[PDB]
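Working notes for the structure below.
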Amino acid sequence: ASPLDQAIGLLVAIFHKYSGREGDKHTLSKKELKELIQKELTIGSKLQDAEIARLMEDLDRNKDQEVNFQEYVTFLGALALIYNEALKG
Amino acid sequence: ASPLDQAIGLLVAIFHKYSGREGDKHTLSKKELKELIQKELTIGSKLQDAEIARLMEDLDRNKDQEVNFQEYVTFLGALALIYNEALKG
Amino acid sequence: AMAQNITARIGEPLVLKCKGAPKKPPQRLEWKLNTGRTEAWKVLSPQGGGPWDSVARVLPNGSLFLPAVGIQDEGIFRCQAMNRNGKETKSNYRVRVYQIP
Amino acid sequence: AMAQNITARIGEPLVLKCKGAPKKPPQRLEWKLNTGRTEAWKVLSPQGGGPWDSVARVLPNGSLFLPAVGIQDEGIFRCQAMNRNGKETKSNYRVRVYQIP
């Protein structure tokens, strides 16, 4: 696969690395998502517990206490906007 | 940076690699986007010209003939859905 | 493509459970099935009914019962749901009757 | 943080052009500015006016003219737009008057 397909494939692989551990196999629990953030995000381990909790709460749009794949894409989009804004000044 | 931040950073870098070549520096023209697809997408070079044109047309939601960064994220989301659906069977 | 092998008899009643609706209130739901000609695919709603309603109904527990499964019922059935984001349930069950055309 | 250095005189009229609206029809628009106390930030709409409307208006070409820029006008001005996706324009201009408090 090409560099772009490989990067996307890596990001999808990360999701499933954690989503299948407990509860629903294809969604992220509060526990799984916090773990994903703390281990996969550069600044994840340094965030306040209250701020991770607010982050996870907001990602959940359908309000079922579960972060599906589409919610994870919202997170990726937020990260992309952050890096893009920094580069513009 | 961590694996996830690195992958996102790579994807953002690809966008700007092509967006700055002509016209607006921060958006993808029809020419830039077609080039991005043909060079960065595994199957890009094998797609019909008509299908690339339809793809680029649809990505443009605000209808200004320019594919901004938010439109590129829609493309990434579409790629992620494709790989995810294949894995589920 | 995944499908469960289930044997059935023509004109014989059959009941099945198709869960999916989360712990939240009754959300939206859509019925879809893939077959050769497809003549059973109907749109299910939490407030309303259609033609297939007379052919088969859904139990309050989210089940499905048919007065008599015939050749028209043959094929593969699939369940699906629609939330506020895009969390849908995927499942296909292959059903075939004894005597076929 | 980026800002343009522009000199101005208190009570002196000033005109500036703040483009952003694409080739499409008149879309939405929002006015925002960062200052110490901030007392000029107003919400601009394609169909309506407010208090700042009397302090400054926007030309059909998407410009801005002030009858007399004073200390209250000081600070940094910024333009912004809202489309169907999220294509906004970022630009901050630093403006200061001769005599200051």
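Each chain in the structure tokens gets a letter, A, B, ..., in the order shown, and its residues are numbered from 1; ligands are numbered from 1 in order too.
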Quick one: contact table of chain B to chain A, 12 Å max, nearest atom pair and distance in Å to one decimal per residue, counting only C-alpha atoms, chain and number order, as CSV?
residue,atom,partner,partner_atom,distance
B:1,CA,A:42,CA,5.9
B:2,CA,A:42,CA,5.3
B:3,CA,A:40,CA,6.9
B:4,CA,A:40,CA,6.0
B:5,CA,A:41,CA,6.6
B:6,CA,A:7,CA,8.8
B:7,CA,A:7,CA,5.2
B:8,CA,A:80,CA,6.6
B:9,CA,A:83,CA,7.6
B:10,CA,A:7,CA,7.8
B:11,CA,A:4,CA,6.6
B:12,CA,A:80,CA,6.9
B:13,CA,A:84,CA,9.4
B:14,CA,A:4,CA,8.3
B:15,CA,A:84,CA,10.3
B:16,CA,A:84,CA,9.6
B:25,CA,A:88,CA,11.1
B:26,CA,A:88,CA,9.5
B:36,CA,A:4,CA,10.2
B:37,CA,A:4,CA,10.0
B:38,CA,A:2,CA,10.9
B:39,CA,A:2,CA,8.7
B:40,CA,A:4,CA,6.0
B:41,CA,A:2,CA,6.4
B:42,CA,A:2,CA,5.3
B:43,CA,A:2,CA,9.1
B:44,CA,A:2,CA,10.1
B:45,CA,A:2,CA,11.7
B:68,CA,A:84,CA,11.8
B:69,CA,A:81,CA,8.7
B:70,CA,A:77,CA,8.2
B:71,CA,A:77,CA,10.9
B:72,CA,A:77,CA,10.1
B:73,CA,A:77,CA,6.7
B:74,CA,A:77,CA,9.3
B:75,CA,A:8,CA,11.1
B:76,CA,A:8,CA,7.6
B:77,CA,A:73,CA,6.7
B:78,CA,A:73,CA,10.3
B:79,CA,A:8,CA,7.7
B:80,CA,A:8,CA,6.7
B:81,CA,A:70,CA,8.7
B:82,CA,A:9,CA,10.7
B:83,CA,A:9,CA,7.6
B:84,CA,A:12,CA,7.4
B:85,CA,A:69,CA,11.2
B:86,CA,A:12,CA,12.0
B:87,CA,A:12,CA,10.4
B:88,CA,A:26,CA,9.6
Contacts from chain D to chain B, 9 Å maximum, only C-alpha atoms: show me the residue list as a short mmCIF file (atom, residue, chain, number, x, y, z; two decimals) with N, CA and C atoms, in the first residue's frame.
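Ended up saving to selection-v9.cif:
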data_model
loop_
_atom_site.label_atom_id
_atom_site.label_comp_id
_atom_site.auth_asym_id
_atom_site.auth_seq_id
_atom_site.Cartn_x
_atom_site.Cartn_y
_atom_site.Cartn_z
N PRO D 22 -16.38 34.22 -0.96
CA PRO D 22 -16.07 33.58 -2.25
C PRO D 22 -16.94 34.11 -3.40
N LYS D 23 -16.79 33.50 -4.58
CA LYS D 23 -17.54 33.90 -5.78
C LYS D 23 -19.03 33.59 -5.64
N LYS D 24 -19.38 32.77 -4.66
CA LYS D 24 -20.77 32.40 -4.40
C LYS D 24 -21.55 33.58 -3.84
N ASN D 83 -19.12 29.13 6.33
CA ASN D 83 -19.70 28.47 5.17
C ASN D 83 -20.46 27.22 5.60
N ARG D 84 -20.72 26.33 4.63
CA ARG D 84 -21.45 25.09 4.90
C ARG D 84 -20.54 24.03 5.51
N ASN D 85 -19.23 24.15 5.28
CA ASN D 85 -18.27 23.20 5.81
C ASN D 85 -17.55 23.77 7.03
N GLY D 86 -16.65 24.72 6.79
CA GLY D 86 -15.91 25.34 7.87
C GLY D 86 -14.73 26.14 7.36
N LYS D 87 -14.87 26.70 6.16
CA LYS D 87 -13.82 27.50 5.55
C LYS D 87 -13.89 28.94 6.05
#
Write out as a PyMOL selection string all residues of segment 17-55 of chain C that backbone DSSP assigns to strand (DSSP E or B). chain C and resi 17+28-34+45+48
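The gap separating atom CA of residue 78 of chain C from atom CA of residue 18 of chain C is 8.9 Å, in Å to one decimal.
Our summary of the geometry notes that atom CA of residue 56 of chain A is positioned 10.0 Å from atom CA of residue 31 of chain A.
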What's around residue 28 of chain B at 8 Å? Count only C-alpha atoms, leave out sequence neighbours fewer than 3 positions away in its own chain, and write the answer as a PyMOL selection string. chain B and resi 18-19+24+31-33+66-68
Please save C-alpha atoms of the selected residues as a short mmCIF file (atom, residue, chain, number, x, y, z; two decimals), in the first residue's frame.
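Listing of out_4.cif after writing:
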data_model
loop_
_atom_site.label_atom_id
_atom_site.label_comp_id
_atom_site.auth_asym_id
_atom_site.auth_seq_id
_atom_site.Cartn_x
_atom_site.Cartn_y
_atom_site.Cartn_z
CA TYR B 18 0.06 19.67 -3.42
CA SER B 19 -2.29 22.53 -2.34
CA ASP B 24 -5.00 29.33 -3.52
CA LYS B 31 -5.66 19.69 -11.01
CA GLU B 32 -3.98 19.44 -7.57
CA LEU B 33 -6.58 17.03 -6.18
CA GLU B 66 -12.12 24.24 -4.41
CA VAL B 67 -11.41 21.31 -2.10
CA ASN B 68 -10.50 22.76 1.28
#
Within 10 Å of segment 64-67 of chain C using only C-alpha atoms, minus same-chain residues under 2 positions, as a PyMOL selection string
chain C and resi 11-18+53-62+69-70+73
When you look at residue 52 of chain D with a cut-off of 10 Å (counting only C-alpha atoms), what residues show up, excluding the ones that are within fewer than 3 positions of it in the same chain? I need them as a PyMOL selection string. chain D and resi 39-44+49+55-57
re atom CA of residue 45 of chain D and atom CA of residue 4 of chain D: distance 25.3 Å
